[PDB]
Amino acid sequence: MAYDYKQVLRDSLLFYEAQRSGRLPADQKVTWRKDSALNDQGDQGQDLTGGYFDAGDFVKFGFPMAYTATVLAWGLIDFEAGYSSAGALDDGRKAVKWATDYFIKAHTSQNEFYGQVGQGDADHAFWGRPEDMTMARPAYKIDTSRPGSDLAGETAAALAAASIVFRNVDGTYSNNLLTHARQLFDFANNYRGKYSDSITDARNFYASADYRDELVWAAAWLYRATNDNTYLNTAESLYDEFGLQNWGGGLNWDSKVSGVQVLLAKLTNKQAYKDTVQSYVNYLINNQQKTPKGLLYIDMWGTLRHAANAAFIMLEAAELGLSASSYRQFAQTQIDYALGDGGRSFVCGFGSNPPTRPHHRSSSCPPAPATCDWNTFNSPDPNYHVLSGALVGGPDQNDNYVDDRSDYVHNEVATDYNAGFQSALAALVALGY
């Protein structure tokens, strides 16, 4: 009852601090985390340190990491007031920059981009503190011979969105972000292909369903960041060519459909895009399967992540003047469910009876020199460190849930899980809720 969205927003930022890879800053707030993955590098030894660990593991999966950055930047642009009111503007910007500083390093050549550091199996076979890793961490890339329109496109979108975020605060960085964004889009558009067909290790973790939506997504963001009509023309041309108006709605690391539509609706003010957004939202509120307690049930994987993403699309739709009151209200019910209106909180470190055993390695570990290994994973006790701000997978279609570390469905946590969620919190704060 009566949730402090400002504090939840601050908590979400703490989750991102807990996901930081590389050398941590002197002002780090989640201090149980230590410098790690300091040897991450490319084929020629290029520095690839930094970025975010994806979930409860230590692999740096570029596709969802870029998506996370784009959505976080998006919320900072449209609902900056929310961050400011929560006294978290600086931290919000730092969260975006932690990702973009890494994308810049990963962009080793104009048409070359590293999309992963660490191998799924080698990484997942280990359970412990990231600073204790001793296994090889291979880096995989996409290039003109092994394209990745989806990966390069999303990264371009994130860089372009970030360039807007930093336009005034750091003009030099903003310009740099944009240069990289422009080059990555050209690479993505001129060399068509799914990144997971090149970086095959990712096909079993973050396989891309289609790269066409990312191309439109990227062009749209570049137009917003440059005001260069060429990008708008390309965005709309591809939107029509690919027939996105007929694609299944939704917004998540894999599909940008609803994001593209609500974004283009804002940039062009065209009714057609607004119609598509309305039909999608009305469908969710009135028809999409929901749990008995009101939670949108879009899929078993990252259930809350899907509901929060939907909530964010609704908040963006409200900004277009589409049923603002009802759309904002429904979005709030989804966020409020995650915060505890379903009976318990599903945000670690927050509210009533929150999850205490997230499927997360670093938070499960006691401090050094005590050993952290699979026996720690096997502990009946709650994770040693509270993972403040992490949104877990959530309850089942019947609002049932059991806090279980081995349950990588209900207790999974990930950077993409908190993206739409965090931006939605920023919006609620901005709206004065």
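In this text, residue numbers run from 1 along the sequence as written.
Across the two stretches, 392 to 400 and 45 to 53, the PDB entry reports the greater mean Cα temperature factor for 392 to 400. Between 59 to 67 and 372 to 380, the higher mean Cα B-factor belongs to 372 to 380.
When the C-alpha B-factors of 248, 259, 358, 75 are read from the PDB record, the largest value belongs to 248. Of the candidates 100, 309, 116, 198, the deposited coordinates give 198 the top C-alpha B factor. Sort the modelled residues of the chain by CA B factor and residue 364 lands in the lowest third. Ranked within its chain, residue 252 lands in the middle third, by CA B factor from the PDB record.
Residue 36: CA B factor lies in the lowest third for its chain, per the PDB record. When the CA B factors of the chain's modelled residues are split into thirds, the value for residue 134 lands in the highest one. Sort the modelled residues of the chain by CA B factor and residue 105 lands in the lowest third.
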